[PDB]
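Enquirer: heads up, no residue letters with this:
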């Protein structure tokens, strides 16, 4: 309550002035506009009080224009057609055409109301944060009522309709906990298992002495055994950032990869192709 | 019955006070609000008694706000339009616009009611458990009425609409029995069959002496015969956990894989590529 | 007829007691509840007699709760609105809102009625049997009205909505005849045709002396001729089980594969790669 | 006309007995059941005469139960609600709920009527014949009104809904003419063209001396020229069976393939890989 | 005009006999069947004159049965319900059930009317001609109102619903001009360009001396340059037939391919693989 | 204005002859056909004047037949049912069946009106021009109201429904500017960069001395660097034709490809495969 | 306000001339056209004032023709049918046919109103700018109300319907910030890490001395480690243009690629294939 305390008063004088000239007027026309220049301004604070409650400084005011212009009609269309010109003669012709214009504007007022529920109720992002929509990572920079505007990782600008987004799973990197990496690598199946044990102990020591980039808990995983030739391995570890910071994620993971590369060849681990027999005729 | 025993009384005094000033009032207006300041509070306990029956401490109260605000209207709209201002003049104009706002809000009240059936009736998960939605494993951490919030295995946070989830098969790892592994490996077709018999007997002995990780019953399976060169094999066995514990599943299966690797080379089993003839010109 | 012979009587005394105080009452209110505390209990045995006819001990009683609660309304809503408070004043306002709540609950009562036809009329499975839904084999363990609960071959538990299942082809391994195998293998194109004739005669002798696992009728098939190098062959034979018994199917087919492997090398059949010319510069 | 000649008489006595006590009764109630215990039995022979016209001995009688139970209602609901209890008071309340239960049962009476047109009008198969639905060959063994039951080539049993089948192309091997084979093979591009001419003449002689399996007309086709290395060829010929006989088709085509294999090496035709230059450093 | 000149007379005598006993009858019942045993036979020639206009000798008469049986109802249902038993009492009950049976039979009368527009108005084929539906070539042999029956190139018989065909592109080989071939072949990149010029001149001479199979205008096209190793080429030419004649198309194109094969090796053109360096350790 | 100046007169005499015998007739029947043999011929010039405005000489006249036959009904059905036989008795029965035949013919009058907007308003092609629909290039040769008839590049004739085409992107080669080529080629990564500079200067000189086929502006592009082995390059240039002329495009691009081929080997550019180490055991 | 200040006057004289001959006429017909030759010209400035507000000089005037012709009807159809010929006799027959022509023209007035919201409200592009629709880059050159016309990168012209575009994500290169490049390259895993450090320092120096094409900030990224053989790397950098300038983007990136190529071989970096063991028999 900040402005309703002083602006609802501007409807309150007319709430006083429709009780004034009803007793002095009835000791019908000007009697019946005083309650319709009031029925608007009471329908006007139900706007401003149920819209000083609400999730975007662009879409809240593109919404305010929308309910103002449909409550500056259901005042007027009940002023003339329900309070001055007498009822039930033209009151049931415009309701064919009102019902007729909901074969035209009906499906696109359906998409406007599903976009208001996506933006204000479901609310999966704010301006400024990096999101994933199909597998495409995209930064938000404008939220309108019918469209979100995104930037891609190459800075290309995308216009996406909010009613199509309202049926999809959306990721948000800004609202996430600190996120995890994968680095994969392959070694020879005939690596001794004491060298796989020294490799694991040496990975874990690299991550303990870099606490500012990596969390301490990790795992080294064997994923496949191929042709009795190849072990496919992976390392799982945790960042101290999310993937909101795209450039910093790529740089820290480049440096982890080049450190694994150096451990593998201090320990004399490699990979070799399967031998081939040749029958020479 | 805990609070209805003392809060239904707050409707009961008004059930006494509408029988009071009907006899003293009829030895119409204030007669006709006493049954509408009652018709609400009887429609209010049908809320609180059919909602102290119900499957989320966030969604039960986001639901309570929803039926409270539509039963704080079908009290008022039958107070004014069916109990004070006399009927059948404005009683059949608002029902065009009521029918008109179900070309707007109709499809999105359809998705709100399908999301309430998914959450409270179908109920496939609770907060805290790991689920699979397309092939993506995802931990639940917030259940709302229109959206479930998930975390992925890299801790990325996903906002998924509940009306799209209500048409899909959903797995739940927490509600499962103890789950099974597969480890695949390939050996040479000309492996003698006494070495395949020693391999099977040595696999089964590893699983019997590790009862805390593996169940005793398992099977070793030949899946293909390729080019008279390669036998493709698999081992099926059972965990003593489900896949809810993701990090522990990967670690126990890494250790099973490195044990198969060591059996295969104690028994001198290998795999070799097919020979090649060379005609040298 | 077991309980209807003694429980329809509890409606029959009220069928006697509405003919009693109609003659003593007419030598309107208490006259008009005696036929509505009867119209329920006659609408109650049409429940219990057309539901002691029916295909799940969980879904029959989750269904009984559903028709009981809509026949404990179309008693009451014709008691008050068609037998006590006089007609055609409020009788045509609630039928806007009744028609209004079929933009909300209408599509989800459509899916409830398609799920009752799938479960009770189409009836493709029972609890306990192994089924195939897309290519995924799945054991049934709970049939509800809106959801079937499955277990996969790794024991992961799946919640599948019955209205999506009602549009798919569903296999049932339990209701099947004894099922057939395929084992494929490849041999060299320049295998003499007297060795293919000894191979066929030796396959058929293995299947005749194992009658407890294999049926006698089978076929050995040539499927492709490749590059004048490779014959792709298959063996088709029949189990004495269905694929309901998953672990036993895999074990018996592993033993057939290792027996083919031993026939092929008693007969000196192999496969070789195409030769290569080398021009040495 | 076999049973209608003697069973329409059982409506004819009541056609005589409603003309009897209309003149002796009018020299209203028992007058108005005599034409409704008649209006059924005339609506009963329009059943039995337009259903002794009709394409399955299971589905004709699952259909007879269906129209009997909706003509044992539109007798009764015009007996009570249009011939005894006087009109236009309850005659326009049940038609809200009748219109209400076509938001529930309406889409599933839509699928029941599309399944009756598929089974009886479109009629693409009978019980006992082998059909192809997506590329899957399937034998029919039960035709119901809502589901067809199939067996696959491994004897797995499939339950397929008839309303999904009614939108697909369906093949029928039993209703087909005698069907054609393809056998493909590859030869060397530098095969002389007099050897391709002897091969064609020797294929055609094999098919003339086996008239009981193969038709005489055939074609030998060159499909591609690859890398100036490989000619891809095919032989097209005709069976004296359809593919209804699955096991016999596979056996006769295995024997054609092994005969092509023997012609190719009597004529000294082969295939060789492209040569390779080696620069030895 | 052949039969309407003598069969419209059989309605004309009743056009004379309803003007006869209206003056002798009015100097109401038998007055009001004479105009309904006329209103049919005038509605009967509007059938036979607007159906002796029309595109299949099976579907025209399966259609004639369909409009005869709905004009042998809208005679009777306006005879009894609009010309004998007096109006507006039962005239507005059957129109609930008439409106009710268009939730049942409505979607399948929608597919019957879209199939009549496909067959008679869009008309993309006749019986006997070879068509392409997805990439599958198929000969037409029966056109019904709801289904077309096809044969494939292996003589398998397909039942295809006409309402699914009405949304697809359909090719017709019989209605086409004479159609074109492609033969592809690959040569070595280091082929001199005077040999590519002799090859083109020798292709064009083969096509000029075979005018009965090939049109004179053609083109020889270079499609790719690969790895400075391979030129991918094609020859485009024209048949003197369409692809309706499937067996003759395959035979003439086999003979063109074997002639290209012989030109290429008279001109000493070939293709060779890229050389390989070997470092021998 | 050419024929409306003399043919609207044939309605004008009847505009004079309905004002004639209204004063001599009223100093009701023949009074009420003179305004309905007029209401047609005024509704007839609104046809011929709003259809001498309109984009196909086949579809304009297949359209003229369509609006003539629905304005030769809404003359007659307001002649008999609104100007001779008196109103509001049969005026509200045919409007059930009129509303009934829009469950039958309603969806196919929806596709007829979307096809008229595609053909006359959207208008993406004319007869005679080459278009691309999915990636298939197709020449137009007949435009009807419900179907376009195309020819493919092999002269196969396609019947495509206009309501499916109205939802797709359609290319038009005839309405295009002069179109561009791509020729790709690969060279060795260790090509010196002075040879890539001479190649570019020699490409550009070929295009300047052939101005009748190629525009002067072009670009030579490096697209990938592969394995430090291969540069993948492309040349982009412009035709002086569109791709309407299919045979001429293929011939001019064959000659550009064979000219690039000759530049590359005057400059001694090639491509070689990566070397291989051999450890000889 | 430019022309409304002088053209609303042309309605204002008729606003003066309907107040003139109402007092001189009433001291009904010509009284009732003066308010309908006024009701148009007041409905005419609500056109010109709410359309001198509005996003294309072709579509604004193709829109002006559209609302002019539906406000030159809802003047006339309320002139004759609501102000001259008296009401409620023909006032409720044309509203069947008005409701009937919204089974015909209803879905295509739905697509016209969704195309007006795409063009004027969502507004994702203007004429002249390069956009991406599926992955296809396309220059805009005509915006109509129902169709956008595009040119592709080869100058092929595409006609795309605006109602299909209104459901897709659309990129706009003209409205973007300066955009980013990727160049990928592969090096040998056994490259020393001091050579990867000199490569990074030498890349960054090339980008600093070319400020007119490249931004200074960049990153060099290791993406995979393959088989202990290959490092897959990438360089990310920024243009000083967007991809609107297609030809200039390709030329600047060709020159960056040829500069990386020259750094790699000044530093003696390469890539080699994995060695092979040969067992020579």
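Expert: Received it, and whenever you're ready, just let me know what you need. Residues are numbered from 1 along each chain as shown, chains lettered A, B, ... in the order given.
Enquirer: excluding its backbone neighbours, what's nearest residue A:219?
Expert: With CB to CB, 6 or more residues apart in numbering or on different chains as the criterion, residue A:219 has its nearest non-adjacent residue at 5.0 Å, and that residue is residue A:236. All C-beta spots, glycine's among them, are computed from the backbone N, C-alpha and C.
Enquirer: you'd agree that neighbour is in a strand?
Expert: Yes: counting by DSSP: H, G, I helix; E, B strand; the rest coil, residue A:236 is located in a strand.
Enquirer: Beta-bridge partners for it, please?
Expert: residue A:182, residue A:219 (DSSP bridges).
Enquirer: Report how many residues lie close to it.
Expert: By other CB atoms under 10 Å in any protein chain shown, 18 other residues sit near residue A:236.
Enquirer: Tell me who's in contact with it.
Expert: A:180, A:181, A:182, A:218, A:219, A:220, A:221 (CB atoms under 8 Å, 6 or more residues apart in numbering or on different chains).
Enquirer: Only whichever of those residues are buried, select them in PyMOL.
Expert: Buried residues among those (16 or more other CB atoms under 10 Å in any protein chain shown), as a PyMOL selection:
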select buried, chain A and resi 180+181+218+219+220+221
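Enquirer: from the contacts of residue A:236, which two are the most distant?
Expert: A:180 and A:220 (13.9 Å; CB to CB).
Enquirer: Which parts of chain A are strands?
Expert: A:130-132, A:137-143, A:147-151, A:157-161, A:170-172, A:180-188, A:219-226, A:230-238, A:276-280 (DSSP state E).
Enquirer: So what touches the fifth one?
Expert: Counting by CB under 8 Å, 6+ apart, the neighbours of strand A:170-172 from elsewhere in the structure are A:124, A:125, A:129, A:130, A:131, A:132, A:133, B:156, B:157, B:158, B:159.
Enquirer: That strand pairs with which strands, and in what direction?
Expert: Strand A:170-172 has these strand partners (DSSP bridges): strand A:130-132 (antiparallel), strand B:157-161 (antiparallel).
Enquirer: Need those strands in JSON lines (columns: mean neighbour count).
Expert: Output for the strands paired with strand A:170-172, formatted as JSON lines (neighbours: other CB atoms under 10 Å in any protein chain shown):
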{"stretch": "strand A:130-132", "mean neighbour count": "20"}
{"stretch": "strand B:157-161", "mean neighbour count": "21"}
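Enquirer: count of residues packed around the closest residue to residue A:275 other than its chain neighbours?
Expert: For residue A:275, ignoring the flanking residues on the chain, the nearest one in space by CB to CB, 6+ apart is residue G:277 at 4.2 Å. Using other CB under 10 Å, residue G:277 has 16 other residues around it.
Enquirer: got it, and residue A:70?
Expert: Other residues within reach of residue A:70, judged by other CB under 10 Å, total 9.
Enquirer: Distance check, it against residue A:62.
Expert: Residue A:70 is 14 Å from residue A:62, where distance means CB to CB, to the nearest Å.
Enquirer: what do you get for residue A:20?
Expert: Applying CB to CB to residue A:20 and residue A:62 gives a distance of 38 Å.
Enquirer: just residue A:279 next, same as before
Expert: Taking CB to CB, one finds residue A:279 at 79 Å from residue A:62.
Enquirer: and if you look at residue A:237?
Expert: 44 Å.
Enquirer: More neighbours: the two, which one.
Expert: Using other CB under 10 Å as the criterion, residue A:237 and residue A:62 rank with residue A:237 on top: 22 against 13.
Enquirer: and the gap between that one and residue B:155?
Expert: Distance of residue A:237 to residue B:155, given as CB to CB: 12 Å.
Enquirer: Quick check: neighbours shared by those two?
Expert: Here residue A:237 and residue B:155 have residue A:180 as joint contacts, going by CB under 8 Å, 6+ apart.
Enquirer: could you pull out the helices for the stretch 51-200 of chain A?
Expert: Ranges of helices in the stretch 51-200 of chain A, per DSSP state H, counting those that start in this stretch, are A:59-71, A:76-79, A:94-100, A:106-117, A:162-165, A:193-208.
Enquirer: What is the burial count for residue A:243?
Expert: Counted with other CB under 10 Å, residue A:243 comes out at 23.
Enquirer: next one: the one 3 residues further on
Expert: Burial of residue A:246 is recorded as 17 neighbouring residues (other CB under 10 Å).
Enquirer: same check, this time on residue A:231
Expert: Residue A:231, neighbours per other CB under 10 Å, totals 21.
Enquirer: how about the nearest residue to it, chain neighbours excluded?
Expert: That would be residue A:187: by CB to CB, 6+ apart, it lies 5.1 Å from residue A:231.
Enquirer: which residues touch the one you found?
Expert: Residue A:187 makes contacts with A:196, A:230, A:231, A:233, A:264, A:269, A:270, A:271, G:228, as judged by CB under 8 Å, 6+ apart.
Enquirer: The first one touches residue B:257, doesn't it?
Expert: This points to residue A:196. No: judged on CB atoms under 8 Å, residue A:196 makes no contact with residue B:257 at a distance of 11.1 Å.
Enquirer: residue in chain A nearest to chain F?
Expert: residue A:275 (7.7 Å; CB to the nearest CB).
Enquirer: Got phi/psi on that residue?
Expert: phi -70, psi 160 (degrees, to the nearest 10).
Enquirer: Would you check how far apart it and residue E:277 are?
Expert: Distance, residue A:275 to residue E:277, by CB to CB: 21 Å.
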